[PDB]
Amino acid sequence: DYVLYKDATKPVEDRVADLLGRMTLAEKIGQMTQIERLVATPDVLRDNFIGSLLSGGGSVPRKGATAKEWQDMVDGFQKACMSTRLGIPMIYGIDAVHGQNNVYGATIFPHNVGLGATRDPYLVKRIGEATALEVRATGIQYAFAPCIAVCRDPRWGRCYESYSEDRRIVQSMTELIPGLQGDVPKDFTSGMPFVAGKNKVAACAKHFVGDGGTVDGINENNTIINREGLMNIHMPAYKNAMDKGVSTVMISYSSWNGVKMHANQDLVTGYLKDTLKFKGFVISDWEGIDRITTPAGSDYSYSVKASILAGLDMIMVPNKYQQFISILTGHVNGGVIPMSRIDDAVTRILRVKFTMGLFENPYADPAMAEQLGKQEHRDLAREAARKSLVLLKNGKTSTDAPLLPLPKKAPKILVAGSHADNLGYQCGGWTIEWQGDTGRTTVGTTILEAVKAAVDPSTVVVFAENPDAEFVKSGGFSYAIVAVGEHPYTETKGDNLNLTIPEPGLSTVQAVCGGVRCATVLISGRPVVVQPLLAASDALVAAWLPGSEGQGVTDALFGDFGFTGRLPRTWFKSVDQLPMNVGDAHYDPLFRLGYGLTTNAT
């Protein structure tokens, strides 16, 4: 007879209910299971009725794989899922958090902290739009973004993933969501999931909640704050996310007052689901349920019970799916987890899948492949990088000539520093590899290449990675541009109690600026100890992690555009002051939140 769930003209809620009523326990638990492409095979996907796949950081089909290679991979998995009895399409997720950043040749946008510097939500919406297109270029339908953490301590390894220490700025930047997913209809019910169709992707507000509030910025640790503080600082942007129809929410590894977020029924069910009326699906973080226990994974049976009873809908396993499925099945057969809980998880997963059009377009569109790295998107990334730059100093004394903007025509100029010609360094973490990497890892333009592309043909450009003082004094240079800063990092590898840049960095700046007027470009995920760099430099720019389009930097250095970025975080005098945020009783910054010098276009 007629099968209502397969009928594209029927309302989503009717299709969900029709399909849910047909499913076995195995088919239901399958929908709740998300696995790594690394453990996926056609038989695994078919036999376990798997609901979702992901690529973790650096999980790619081949080094340098084309958009088509990605589409073929995703479609191979989909074909297996579509061959099950009910033919429920899988959804494939990835960390597309500054562009489609795992993919070779994808446009890499500035990381979130630099976007916060722009104070430009429409720019961020446009970045969401371009990112959706590059993700769909690779056949992927689901991006684990935006990170709406409000980072309250820059010692956190993920501080660069947070738009600001100020929740109001994070709130405004939730415009990423309708960029990724499309604008919701007039009349939209807050908390319903939304994706416009096959040219958009499902978004994910993460990581719920207080991931940016942990003690001493220790990643995955305890956020110790009263309910009023949680609701005033860490929660607000989730409500903007509900209003904008975010499709999914990912749970944080962190704890709130000692309770694991992955086990917190009060917040996940009581608050997110029952108060905010969230109707999309709630996903774990990677091995998030394993980490409820200490040691992690020491009581996986408890991990499954605690997380599923808390209200999580989809588990990012991501590897040991057999153990997950077996344990969850046993809990349901034993009456420990009720069928109502399973039915709720599956209703939410199917709701997102039907809403986004996945049953109508389960396969990739080969005509989208050319969206990857498209020049228009690179032009956008270049605009964003330029807008993100914060000018901290432009002259050593109030009476010096301003150094910036620099002249494009000069006899001889010097470009120097470990970050001047290093694409990997300028992109930072979550670029190609999970932790990012060094050197030419993708298609882009380094600061050195941007300088050579910008200057008059008569300008001789000399590159020296780490010149000594005599080299500079003898070189006959008009000025120097020196780029230094942090190496790429992600998650706990970025936790850092000293916040001092690696050497050589300061030593290079001192050698260069001691011999010729210099503009220092600081590449970092966060404020770092900066007084010695300032003391040496004529001009200093905080460029954050500007991504693949290094011409964004030189657009401002050479005065094609004026500097406009403003600090989205407090710049501390000393790490012993931390945590120290705008509005604090004792607020003694080196530069306040909102500080930024300006220039005018030449």
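Start at 1 and count along the sequence shown; that's the residue number.
Comparing 495 to 503 with 378 to 386, the stretch with the higher mean C-alpha B-factor in the PDB entry is 495 to 503. Mean CA temperature factor is higher for 183 to 191 when stretches 183 to 191 and 351 to 359 are set side by side in the entry. Looking only at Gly395, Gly444, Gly128, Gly485, the residue with the top Cα B factor in the deposited structure is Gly395. Among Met231, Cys427, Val346, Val249, the highest C-alpha B-factor recorded in the PDB entry belongs to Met231. Among the modelled residues of its chain, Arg37 has a C-alpha B-factor that falls in the lowest third, as given in the PDB entry. Looking at the C-alpha B-factors along this chain, the one for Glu220 belongs to the middle third. Among the modelled residues of its chain, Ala535 has a C-alpha B-factor that falls in the highest third according to the deposited record.
Among the modelled residues of the chain, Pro568 sits in the middle third by CA temperature factor in this PDB entry. Sort the chain's modelled residues by C-alpha temperature factor and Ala65 lands in the middle third, per the entry.
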